Structures are given as structure tokens and as C-alpha cells.
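Novice: sharing an experimental structure here, sequence included.
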Amino acid sequence: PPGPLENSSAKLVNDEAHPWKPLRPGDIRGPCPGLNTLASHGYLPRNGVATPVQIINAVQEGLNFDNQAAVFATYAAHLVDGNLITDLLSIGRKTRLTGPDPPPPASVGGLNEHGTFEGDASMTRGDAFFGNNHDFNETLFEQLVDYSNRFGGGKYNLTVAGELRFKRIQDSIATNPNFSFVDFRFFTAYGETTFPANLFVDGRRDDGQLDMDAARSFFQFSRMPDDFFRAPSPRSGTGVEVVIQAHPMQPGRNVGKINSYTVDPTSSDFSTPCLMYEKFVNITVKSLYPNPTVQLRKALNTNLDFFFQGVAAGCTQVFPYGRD
Amino acid sequence: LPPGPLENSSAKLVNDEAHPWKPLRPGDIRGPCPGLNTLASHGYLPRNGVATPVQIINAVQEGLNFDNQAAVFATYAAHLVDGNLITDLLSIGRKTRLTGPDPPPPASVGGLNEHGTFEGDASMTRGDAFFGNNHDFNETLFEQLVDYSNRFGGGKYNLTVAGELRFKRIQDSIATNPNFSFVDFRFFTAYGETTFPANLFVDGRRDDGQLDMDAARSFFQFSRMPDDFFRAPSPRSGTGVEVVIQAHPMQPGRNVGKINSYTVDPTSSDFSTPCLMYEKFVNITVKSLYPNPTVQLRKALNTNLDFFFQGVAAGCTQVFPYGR
Ligand SMILES: *[C@@H]1O[C@H](CO)[C@@H](O[C@@H]2O[C@H](CO)[C@@H](O[C@@H]3O[C@H](CO[C@H]4O[C@H](CO[C@H]5O[C@H](CO)[C@@H](O)[C@H](O)[C@@H]5O[C@H]5O[C@H](CO)[C@@H](O)[C@H](O)[C@@H]5O)[C@@H](O)[C@H](O[C@H]5O[C@H](CO)[C@@H](O)[C@H](O)[C@@H]5O)[C@@H]4O)[C@@H](O)[C@H](O[C@H]4O[C@H](CO)[C@@H](O)[C@H](O)[C@@H]4O)[C@@H]3O)[C@H](O)[C@H]2NC(C)=O)[C@H](O)[C@H]1NC(C)=O
Ligand SMILES: *[C@@H]1O[C@H](CO)[C@@H](O[C@@H]2O[C@H](CO)[C@@H](O[C@@H]3O[C@H](CO[C@H]4O[C@H](CO)[C@@H](O)[C@H](O)[C@@H]4O)[C@@H](O)[C@H](O[C@H]4O[C@H](CO)[C@@H](O)[C@H](O)[C@@H]4O)[C@@H]3O)[C@H](O)[C@H]2NC(C)=O)[C@H](O)[C@H]1NC(C)=O
Ligand code: HEM
Ligand code: HEM
Ligand SMILES: *[C@@H]1O[C@H](CO)[C@@H](O[C@@H]2O[C@H](CO)[C@@H](O[C@@H]3O[C@H](CO)[C@@H](O)[C@H](O)[C@@H]3O)[C@H](O)[C@H]2NC(C)=O)[C@H](O)[C@H]1NC(C)=O
Ligand SMILES: *[C@@H]1O[C@H](CO)[C@@H](O[C@@H]2O[C@H](CO)[C@@H](O[C@@H]3O[C@H](CO)[C@@H](O)[C@H](O)[C@@H]3O)[C@H](O)[C@H]2NC(C)=O)[C@H](O)[C@H]1NC(C)=O
Ligand SMILES: *[C@@H]1O[C@H](CO)[C@@H](O[C@@H]2O[C@H](CO)[C@@H](O)[C@H](O)[C@H]2NC(C)=O)[C@H](O)[C@H]1NC(C)=O
Ligand SMILES: *[C@@H]1O[C@H](CO)[C@@H](O[C@@H]2O[C@H](CO)[C@@H](O)[C@H](O)[C@H]2NC(C)=O)[C@H](O)[C@H]1NC(C)=O
Ligand SMILES: *[C@@H]1O[C@H](CO)[C@@H](O[C@@H]2O[C@H](CO)[C@@H](O)[C@H](O)[C@H]2NC(C)=O)[C@H](O)[C@H]1NC(C)=O
Ligand SMILES: *[C@@H]1O[C@H](CO)[C@@H](O[C@@H]2O[C@H](CO)[C@@H](O)[C@H](O)[C@H]2NC(C)=O)[C@H](O)[C@H]1NC(C)=O
Ligand SMILES: CC(=O)N[C@@H]1[C@@H](O)[C@H](O)[C@@H](CO)O[C@H]1O
Ligand SMILES: *[C@@H]1O[C@H](CO)[C@@H](O)[C@H](O)[C@H]1NC(C)=O
Ligand SMILES: *[C@@H]1O[C@H](CO)[C@@H](O)[C@H](O)[C@H]1NC(C)=O
Ligand SMILES: *[C@@H]1O[C@H](CO)[C@@H](O)[C@H](O)[C@H]1NC(C)=O
Ligand SMILES: *[C@@H]1O[C@H](CO)[C@@H](O)[C@H](O)[C@H]1NC(C)=O
Ligand SMILES: OC[C@H]1O[C@@H](O)[C@@H](O)[C@@H](O)[C@@H]1O
Ligand SMILES: OC[C@H]1O[C@@H](O)[C@@H](O)[C@@H](O)[C@@H]1O
Ligand SMILES: [Cl-]
Ligand SMILES: [Cl-]
Ligand SMILES: [Cl-]
Ligand SMILES: [Cl-]
Ligand SMILES: [Mg+2]
Ligand SMILES: [Mg+2]
């Protein structure tokens, strides 16, 4: 697992060695505009299948994503969505490129796999319930623009993030009878809304105000603006507290029908990051791998260790298969 | 310019042969900040505790891996209100002739000890200014930190301990300090500070956010790094502050001339309005110290207000109290 950038100042990353290209048939793109754009500028394999080490070097070098967040997000995703023997992860749909599957109920389903990492009330993608959880959706993007106009002076910023995050949750509650918003997804849904203001903003300026042309380029086409400079120093979810505090929300879920959102008092929330860590490892990962062979157990323990090092709140390490 | 981010920001020995702890030698100034005190006491900063903004940022980054945005934000904020803008020198403690000849009233140039500019109420290990001394280590407060760590962190200080102690300290001040104030700048900074010991005082080889009480006392009381201390393995500052905020959500306010009269102030900024915090700091705090400044002082203010703006986490739009 790579350490932080050696030299992490702003610099042009839309450069000569990293041109955008269109998708070839077979090139895999998914629900993350950050990984998508990196793949499309060749910071990641252009076909969208990568090792964890590759994804981490790419997000730091391409966009100056900080090391702790890159390590948390990448090994969390690899544990639930990736192939632990081959050490590969698809950034979108399940693919044979990741090699021979483990036994069920592990899915190795790529970032597109619903319920594991990816989840509901995304900004520019529709819920899995309605059929397609990974393609750019134009109606939701035009909503992001609207809110930018109304709260951001035409630009996306943390204030807009706060408003739209809530709007999307409300939208899901009213329309999605499967709406779920607990645990891992509750956590990551709020930190994602800060990323575009933090990281899609040209680094020479770095003033957290994202223009709509830049926003469309990343979200829709996986493409950096012309002459794009990365952020002037490493960061990820700075300001998430702005987005949480705008519209206080307790973790919960619709119960088999629309508008039935019911708080779940067993879910972690922001005051309990280590319950969220423990349930991810001790319930989510453990249920995908309830009885691993010696070889799989050893791959699981190595990735669980690397995952534990990226956990922002620190926490106490949990061992689903033992320390041995 | 402010220094940019650290070249190679990995974990490494920082309590080394070139940076030993030394006892205070009269002349030497120590203040309310255990981070800055300890850096001065190991020679990362000047040992007498008076430094330029550039020295302080280089010191917090190289000594402790404090991240660049936070180092710039705090350093220029404190310099604007507590420092000498003409000599370019800031005391980490008391007001001193070592920062040079003063500007005109009503500027104070009072050092970091100056109550209510940067320093303020409900500190963890230091008493409120109202009771007499806002900067000395207070053994009864540290013992209550040790007690909350036994109760909530298994004997170690971590973000769960921080959430409970931060709220305890606020309740102590409401009950005992008739002047307690907890608005605007202080309301914002108080929360982030409670994360720093978990993120930054924990040996960088471990980096699991569990701070032992011997390490904690070393930094807070003696201004000394633990033996063989490694700084954190990448840059960070207020990671996990939302964990502290959401443990006991609370709005900004003040006692109203007597104990137990905490009154929410609806004109204060809070965590959802970080740009109003920025703006009030500049329009009100800074500009009432320097209501009408001469030509050279006006240049120095505008230069430092620029650097300050670049450090604002939320991004925001720049305000210009003296024009552009
Ligand atoms: C190092 O720092 C420490 C701490 O800052 C310094 O010591 C402090 O010094 C100040 C200044 O002298 C003292 O201020 C004075 O406080 C007294 C009140 O004392 C008693 O009540 C205190 C508050 O308790 C309530 O709130 C807390 C916090 O939530 C809570 O835990 C308590 O249980 C109680 O809560 C109430 O409300 C709750 C709802 O939230 C309810 O559940 C509950 O039912 C309660 O009703 C308390 O902390 C204090 O406890 C200490 O002292 C006793 C022994 O006396 C000891 O047994 C405890 O273990 C503690 O050690 C007391 O119980 C107040 O009366 C004074 O008010 C006078 O003066 C002010 C200011 O001038 C005037 O405005 C008033 O009108 C009045 O004349 C005063 O404000 C502070 O109490 C003290 N704290 C300590 C010692 O812990 C120390 O000085 C510093 N050292 C150095 C060297 O500087
Ligand atoms: C992102 O970009 C925006 C614009 O550049 C920045 O500026 C903030 O913009 C916000 C959002 O529009 C402003 O907040 C709004 O201000 C309105 C007026 O505020 C004053 O006047 C009213 C009287 O009408 C007073 O009551 C109030 O106390 C203020 O003195 C308010 O009417 C708005 O409140 C209401 O809005 C919604 C609309 O959907 C209502 O439904 C609610 O009831 C709500 O109460 C709103 O607060 C804000 O003033 C701007 N801030 C500043 C400092 O200028 C953001 O700063 C920028 N963000 C970042 C992180 O960069
Ligand atoms: C570090 C490896 C990363 C992984 C494994 C990862 C994975 C994901 C996944 C699976 C989603 C979908 C969540 C949802 O359902 O909405 C997502 C969303 C998101 N990602 Fe990433 N991501 C990573 C890095 C990045 C980077 C570097 C950026 C920005 C620089 C970023 C920006 C975002 C944003 C803005 C979304 C939300 C998009 C939306 O809601 O429309 N990600 N990420
Ligand atoms: C970068 C320049 C910095 C400045 C200008 C600065 C200034 C301050 C000031 C004025 C206070 C007192 C606030 C109060 O409690 O009343 C404070 C508190 C504190 N600082 Fe800093 N600080 C800096 C860097 C850091 C660093 C690098 C660390 C640790 C790595 C740190 C750790 C803390 C902690 C833990 C407190 C609270 C102490 C307490 O509540 O007992 N600071 N700082
Ligand atoms: C709304 O949520 C429900 C409940 O999660 C979704 O139904 C579930 O769909 C999954 C995935 O297709 C099913 O699990 C699979 O079942 C097949 C064959 O039945 C099995 O061979 C697979 O290995 C896997 O078990 C499952 O039947 C079902 N879960 C239930 C009923 O608890 C439902 O599809 C969602 N609705 C929409 C429109 O998305
Ligand atoms: C992009 O996202 C938008 C908004 O989230 C999706 O639009 C939604 O589409 C449904 C139908 O697919 C619209 O309502 C439908 O109305 C009929 C009545 O004839 C009803 O029988 C259906 O059950 C359904 O309710 C819905 O109003 C619309 N929501 C909007 C516009 O806010 C859209 O499907 C997404 N695009 C893609 C390609 O998925
Ligand atoms: C606590 O605040 C009080 C009230 O603001 C202060 O004392 C008063 O305020 C001014 C100072 O600005 C004094 O000149 C008045 O005589 C005081 N009395 C009243 C009724 O206003 C005082 O500055 C603070 N006390 C301490 C110890 O810091
Ligand atoms: C702070 O340390 C404590 C103990 O090491 C951790 O708290 C425990 O959390 C477990 C599950 O992780 C719960 O059963 C208890 O509520 C906790 N034990 C207690 C309170 O004695 C806590 O997670 C740590 N916090 C962080 C952020 O690392
Ligand atoms: C511009 O600022 C200067 C001070 O830098 C002002 O000087 C005033 O001097 C009087 C003398 O009694 C003081 O009492 C005031 O406090 C000072 N004013 C201020 C605002 O601090 C001078 O008056 C100001 N000139 C203009 C045109 O505003
Ligand atoms: C702080 O001061 C600035 C101006 O120095 C404030 O006023 C706004 O400034 C912008 C930028 O030039 C103008 O577009 C607006 O027209 C200004 N408003 C007014 C009423 O003139 C800003 O609002 C101030 N903020 C606070 C909280 O005091
Ligand atoms: C506008 C503002 O910031 N006012 C605070 C106030 O709420 C508090 O009562 C006062 C005296 O202790 O200190 C001021 O700094
Ligand atoms: C670090 O990165 C930037 C952009 O390449 C450059 O300005 C700076 O000198 C580099 N520092 C080095 C290579 O030491
Ligand atoms: C996970 O397992 C660990 C150790 O066996 C245990 O401490 C913890 O309670 C478990 N977590 C849950 C939520 O069951
Ligand atoms: C291991 O036990 C779990 C119980 O959760 C079961 O699902 C899994 O199939 C078991 N595996 C064996 C050894 O095949
Ligand atoms: C840079 O960090 C690496 C990572 O551990 C380390 O090996 C090396 O000693 C550092 N380089 C310098 C010049 O300090
Ligand atoms: O143990 C070293 C390697 O182990 C694998 O399991 C991976 O997931 C890598 O990221 C790691 O570098
Ligand atoms: O530009 C005015 C001020 O700028 C600062 O950065 C310092 O270097 C000072 O020496 C000077 O007073
Ligand atoms: Cl980093
Ligand atoms: Cl530099
Ligand atoms: Cl940094
Ligand atoms: Cl005492
Ligand atoms: Mg989604
Ligand atoms: Mg204080």
C-alpha cells in the first residue's frame, strides 16, 4: 500500500502523457466520476480494471486525493467488490478480467455491485431500484445545476452540497420502496458530496467553487477540463461537517414501501465511526466470506490490515478470522 | 508565499539528535498551544517562542505532519489578530517586546495568550481567561481528560473521548464562567482542536488514533515529544471532527452576565455557515483592530489576508475590507 505523494503541489495533470480518449468497446466505467476520469486520462488502466496499488497511486497523482481516504475507499471496495486472489477490482461492472471467482456468496461484482459499497441517493446516478445505478443521469445533473444556481451563485460548493444531499435523500424516500441509508452508505454519502468542490476545482484557484462546465466534463464524460491543474495539496472530505449540519438526518430505511422511512437505532452514524468499521468487517465482509480456505483467509487478513490503516477515526482492530 | 505542502511527508523520527528537548531558558515564551509549545521546545520553531508565519508553517509540517491548509489557516488567522504585521513576528504566548515595536491602537499584538481573538473558552487543559490564566497547563483539567479516557477510550484518548470531553468542558464553562463565550471563530476552532491529539500526538508507526496518557501529558504539560516519537505517516489535521460535533450537537452562544444563562446566538456562524465565519473574522475581528491603517500597514494586512483566504477549508469567496 503506497504512502503519500513525494511532492504534492498543484501541477497540470491533463497533460501530454495523460490525454483523454473515448471509450473503446469493453472499457469499463462505473458510478465514480473520480475513478472514471482517471481511467479515461490513463492514470488507471484505460479498461477500468486495476490493482489496489494502482488505484491509490492514480488518485493521489491524478487528483491529489489524500492517502488515508484513498486507502480506506480502495481496500473497502476491494474487500467487498474485488478479487482477493488476483488482487484486481473492476471500477464498474462485474468482468471476467478479474479472474476465477471465490465461492458464493462473495459476488466479486465490481463497483457497480449494489448494497456493498455503491448505494442509494447518489447525486448524478439513479438508485439501483429503478434499474441503472452507474450511468450518468441527465435529469439528476440538471437538478445539480438548478441547486447550483439557487444556493451557489451558479457554482457547486459545500452550501449546495448540503442542500442537494438532502433533496436526494428526500427524493429516494418518496419513490424508492427499497431505499436504504444505514451504516457504510450513510457514512460515505455525505463525504462524496464534498469531493467535487474539493478536488474537481482547478488547483491554481482552489476556492471550492466548481463551474458547471467543469462539473459536466467530470460527471458525464470522465474528462478533465483543458489545462486542468490538480489541487495544491492532498485532501479528500474537508468540510463534510458543513453538509451534515445543513440538514440533520438519522440513519434509516424505507420498510418495503415508499414514504415509510424508519430510523434504525442499530445503525452507526457520525458519532460512532468504529461501530461502522466493526459492522463492515464483522458482518459485511464476513458474510461474503463466511468460511474461507487457507489461501483466501490469508488474502482476506492482509487486505483487512490495509483497510484498518485507512480508517479515519483510528479505532480498535477487529479480527473476523483470528490474528494467526 | 506560505510554504507549500511537505516534500516527502511520510513517518519518520522527529525527536532526533538535531531536535532535542531543552528546558525553558528565561526569554523563552510558551502559550496555550501544546503543538506550538512542543515544537519550540524541540527547536523546530525558535526556542524562545517567537516566529514568523513561514517558520511556523515549516515547523508544524516537518515536526508533526500538520497539513498545509490547516497550517496556513491557523497561522495567518493568529498572525492577523495576535501578531506584528510589520516585523512579521508572532509570539506563541504572552505579549513581548520580542515581536518588535507595536502599531497604533486599537491593535493589541498580544500574542497567542490574548483572550478572545484566537484563544478562548472551554479549552481541554487550560482554564478560561475569566478565572485568571488562559495558558498554563491545569492539572485538574488534565486529570479529567485522564478520567474521560478511562471511561470512554479504554484508558487512551481517542475521538470518542474527544466528543464527550469537549461537551463536558462546554457544560463546565456554562455553569462556572459568567463571561463564557462560544461563538464564531472560537466555536469553530474548539471542535477541531479536540481531534488533534488523536490524529497527531499518536506515534506515526502505529497511527491508530489511540493516544496513551503518558504521551498526552508529555505534550500538554512538558512540551516534549515521547521518546523515539515518529510523526504521523501523512499530513492531517482535523480528520473526524464530525465525530466530535455529532456526539453532542450544540449551537453557538454565550452566558449573559451570569452563570447558567447560555443563550444561543442566531447571528453567530456555525458549521453549516463557514463562509460567514470567514467574513465576520475579516470584516469584524481583523478590521476593528486595524480600523484605518497607514500605507505600509495596509499592504501588510492585504498580503496576510490573501494568505489567510487561501487556507479557508470551505473555500468561500474573498472579502476585501481595505479594497484590492
Ligand atoms: C484548574 O481548572 C479548574 C476548572 O476550571 C479550576 O477550578 C474551577 O475554578 C472555578 C473558579 O473558581 C470554579 O468556579 C466556581 O464554581 C462554583 C460551583 O462549584 C460547584 O459546581 C460546579 C458545577 O457543577 C455543575 O456542572 C457540572 C458540569 O456539567 C456538573 O458535573 C455538576 O454536577 C453540576 O451540574 C449541575 O447541572 C447538571 C445538568 O447538566 C445536573 O445534572 C446536576 O444536577 C447539577 O445541578 C462543579 O464543577 C464544582 O465541582 C468541583 O468542586 C467540588 C468541591 O466543591 C468537588 O467535589 C468536585 O469534584 C469539583 O472539583 C462544584 O460542585 C460556583 O459556585 C462559583 O460561582 C461563584 O463565582 C462565580 C464566578 O466569579 C460567580 O459568577 C457566581 O455568582 C458565584 O459567586 C464559580 O463559578 C469551578 O467550580 C472550579 N472547578 C473545579 C474545581 O473542578 C481551578 O481553579 C484551575 N486551577 C488553577 C490552578 O487555575
Ligand atoms: C456557495 O455560494 C453561495 C453564493 O455564492 C455563498 O453565499 C451564501 O449563499 C447562501 C445560499 O443562498 C445565502 O444563504 C441564504 O441567504 C438568504 C438571505 O440571508 C439574509 O437575509 C435574510 C432575509 O431574507 C435573513 O433572514 C438572514 O438572516 C440573512 O441575513 C436567506 O433567505 C436564505 O435562508 C433560507 O433559504 C432557503 C431557500 O431555499 C429557505 O428555504 C430557508 O428557510 C432558509 O432559511 C439563505 O440562508 C448566504 O447568505 C450566502 N452566504 C454568504 C456569507 O454570503 C456560500 O457562502 C458558498 N458556500 C461556500 C461553502 O463556499
Ligand atoms: C479511492 C478510490 C475510490 C473508490 C474505490 C471510489 C468508489 C466510489 C463508488 C463505488 C462510488 C459510488 C457511490 C454512490 O453510490 O454514489 C463513488 C462515488 C463518488 N466518488 Fe469515488 N471512489 C474513489 C475515489 C474517488 C476520487 C479520487 C474522487 C474525486 C476526486 C471520487 C469522487 C466521487 C464522487 C463525487 C462520487 C459521487 C458521485 C455521485 O454521487 O453522483 N471518488 N466512488
Ligand atoms: C499552525 C499554527 C497553530 C496555531 C497558530 C495554533 C494556535 C493555537 C491556539 C491559540 C490555541 C489555544 C486555543 C484555546 O484552547 O484557547 C491552540 C490550541 C491547541 N492546539 Fe494549536 N495552533 C497551531 C498548530 C497546532 C498543532 C500543529 C497542533 C498539534 C499537532 C496543535 C494542537 C493544539 C491543541 C490540541 C490545542 C487545544 C489545547 C487545549 O484545549 O488544551 N496546534 N492552538
Ligand atoms: C428491492 O429489494 C429486494 C430485496 O433486496 C430485491 O429482491 C432481491 O433480489 C436479489 C438479487 O436479484 C435476489 O437474490 C438473488 O436471488 C437469486 C435467485 O432467486 C439467487 O439465486 C441469487 O444468488 C440471489 O440470491 C433475491 O431474490 C431478492 N431478495 C429478497 C427477495 O429478499 C428486489 O429485486 C429489489 N427490487 C428492485 C426492483 O430492485
Ligand atoms: C433519471 O432520473 C430521473 C429522475 O430521478 C428519472 O425520471 C423518472 O422516471 C419515471 C418513469 O421512469 C417518472 O415517473 C413515472 O411515471 C409513470 C406515469 O406514467 C409511472 O407509471 C411510473 O411508475 C413512474 O412513476 C418520474 O416522474 C421521473 N422522475 C423525475 C423526472 O423526477 C429517469 O428515469 C432517469 N433516467 C434514466 C435513463 O434512468
Ligand atoms: C467579564 O465580563 C464582564 C461584563 O462584560 C466585564 O465587566 C464589565 O464590563 C466592562 C469591561 O468591558 C467593565 O468596565 C464594567 O465595569 C463591567 N461591569 C458591567 C456591569 O458591565 C469584564 O470585562 C469580564 N471580567 C473578567 C474577569 O474578564
Ligand atoms: C475509543 O476507545 C474505546 C475503547 O478502546 C472504543 O470504544 C468501544 O467501542 C466498542 C465497539 O467498538 C463499544 O462496545 C464500546 O462502546 C466501547 N468501549 C467502551 C466505551 O469502553 C472506541 O471505539 C474508541 N473510539 C475510537 C474513535 O477509536
Ligand atoms: C484613521 O486611523 C487613525 C488611527 O490609525 C485615526 O486616529 C484616531 O486618533 C484618535 C485620537 O484621539 C483616536 O482616539 C482614535 O481612536 C483614532 N481613530 C481610529 C479609527 O482608530 C484617524 O482618526 C482615522 N482617520 C480617518 C479619516 O478615519
Ligand atoms: C463583509 O464585507 C463585504 C464588503 O467589504 C460585504 O459586502 C458585500 O461585498 C460584496 C463583494 O464586493 C458585494 O458584492 C456586496 O454588494 C456587498 N454587500 C453589501 C451590503 O455591500 C460582506 O457582506 C460583509 N460580510 C459581513 C458578514 O459583514
Ligand atoms: C459578537 C461576539 O462575538 N461576542 C462575544 C460574546 O458573545 C461574549 O458574550 C463576549 C464577552 O464574554 O465576548 C464576545 O467575543
Ligand atoms: C514539486 O512539484 C512542483 C511541480 O512539479 C514543482 O514546482 C516543485 O519544484 C517540485 N519540487 C521538487 C521536484 O522538488
Ligand atoms: C466482531 O467480532 C469482534 C471480535 O470477535 C467482536 O468484538 C465484535 O463485537 C464483533 N462485531 C459485531 C458487531 O458483532
Ligand atoms: C461457513 O459458514 C457459513 C455460515 O454463515 C456458511 O454460510 C458457509 O457456507 C460456510 N462454509 C463452508 C465451510 O463451506
Ligand atoms: C521519504 O520517505 C520514504 C518513505 O519511507 C523514506 O524511505 C525516505 O527516507 C524519505 N526520504 C527522505 C529524503 O527523507
Ligand atoms: O501484501 C502486499 C499486497 O497485498 C495484496 O493483498 C494487495 O491487496 C496489495 O495492495 C498489497 O500491496
Ligand atoms: O507585505 C507586508 C508583510 O508581508 C509579510 O508576508 C512579511 O514578509 C512582512 O515582512 C511584511 O510586513
Ligand atoms: Cl496524503
Ligand atoms: Cl515551499
Ligand atoms: Cl498538506
Ligand atoms: Cl484546583
Ligand atoms: Mg449510488
Ligand atoms: Mg483557551
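Specialist: Done, it's in. Residues are numbered from 1 along each chain as shown, chains lettered A, B, ... in the order given. Ligands and ions are numbered 1, 2, ... in the order given.
Novice: so for stretch A:46-57, what gets flagged as buried?
Specialist: With burial defined by 16 or more other C-beta atoms under 10 Å in any protein chain shown, the residues of stretch A:46-57 counted as buried are A:46, A:47, A:48, A:49, A:50, A:51, A:52, A:54, A:55, A:56, A:57. Where you see a C-beta, it was placed from the backbone N, CA and C, and this is true even at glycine.
Novice: so which helix or strand takes in the last one?
Specialist: Counting by DSSP states H and E, the element that carries residue A:57 is helix A:52-63.
Novice: does ligand 20 sit close to that helix?
Specialist: No - using C-beta under 5 Å from the ion as the criterion, no contacts between helix A:52-63 and ligand 20 are found, and the smallest distance is 12.0 Å.
Novice: so what does that helix touch, helix or strand wise?
Specialist: In terms of contacts (3 or more C-beta pairs under 8 Å, 6 or more residues apart in numbering or on different chains; DSSP states H and E), helix A:52-63 is packed against helix A:33-40, helix A:67-81.
Novice: angle of that helix against helix A:67-81?
Specialist: Using axes from the mean of the first three to the mean of the last three C-alpha atoms, to 10 degrees, one finds that helix A:52-63 and helix A:67-81 are set 140 degrees apart in direction.
Novice: compute the inter-axis angle for helix A:52-63 and helix A:33-40.
Specialist: With the same axes, to 10 degrees as the basis, helix A:52-63 and helix A:33-40 are set at 90 degrees to each other.
Novice: helix A:52-63 close to ligand 15?
Specialist: No - when contact is scored as C-beta under 6 Å from any ligand atom, no part of helix A:52-63 falls within range of ligand 15; the minimum is 13.9 Å.
Novice: quick revisit: save the helices and strands packed on helix A:52-63 as JSON lines, and put in mean neighbour count and distance to residue B:282 too.
Specialist: Listed next are these as JSON lines, based on neighbours: other C-beta atoms under 10 Å in any protein chain shown; distance: least, C-beta to C-beta, whole Å:
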{"stretch": "helix A:33-40", "mean neighbour count": "26", "distance to residue B:282": "33"}
{"stretch": "helix A:67-81", "mean neighbour count": "24", "distance to residue B:282": "30"}
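Novice: so for residue A:148, which of those helices sits nearest?
Specialist: When the helices and strands packed on helix A:52-63 are ranked by distance to residue A:148, counting by C-beta to C-beta, first place goes to helix A:33-40 at 15.8 Å.
Novice: please see if the helix or strand following that closest one touches ligand 16.
Specialist: Toward the C-terminal end, the helix or strand that comes next after helix A:33-40 (DSSP H and E) is strand A:49-50. No - for a cut-off given as C-beta under 6 Å from any ligand atom, strand A:49-50 has no contacts with ligand 16; the smallest distance is 10.6 Å.
Novice: by contact count, what packs against strand A:49-50?
Specialist: When contacts are defined as 3+ C-beta pairs under 8 Å, 6+ apart, strand A:49-50 sits against strand A:89-90.
Novice: does ligand 16 have contacts with the strand it packs on?
Specialist: No - among the residues of strand A:89-90, none lie within reach of ligand 16 under C-beta under 6 Å from any ligand atom; the closest is 9.3 Å away.
Novice: quick one, what contacts the nearest residue to residue A:316 once chain neighbours are set aside?
Specialist: For residue A:316, the nearest residue in space outside its immediate sequence neighbours is residue A:274; the separation is 6.9 Å by C-beta to C-beta, 6 or more residues apart in numbering or on different chains. When the contact criterion is C-beta atoms under 8 Å, 6 or more residues apart in numbering or on different chains, the partners of residue A:274 are A:268, A:311, A:313, A:315, A:316, B:160.
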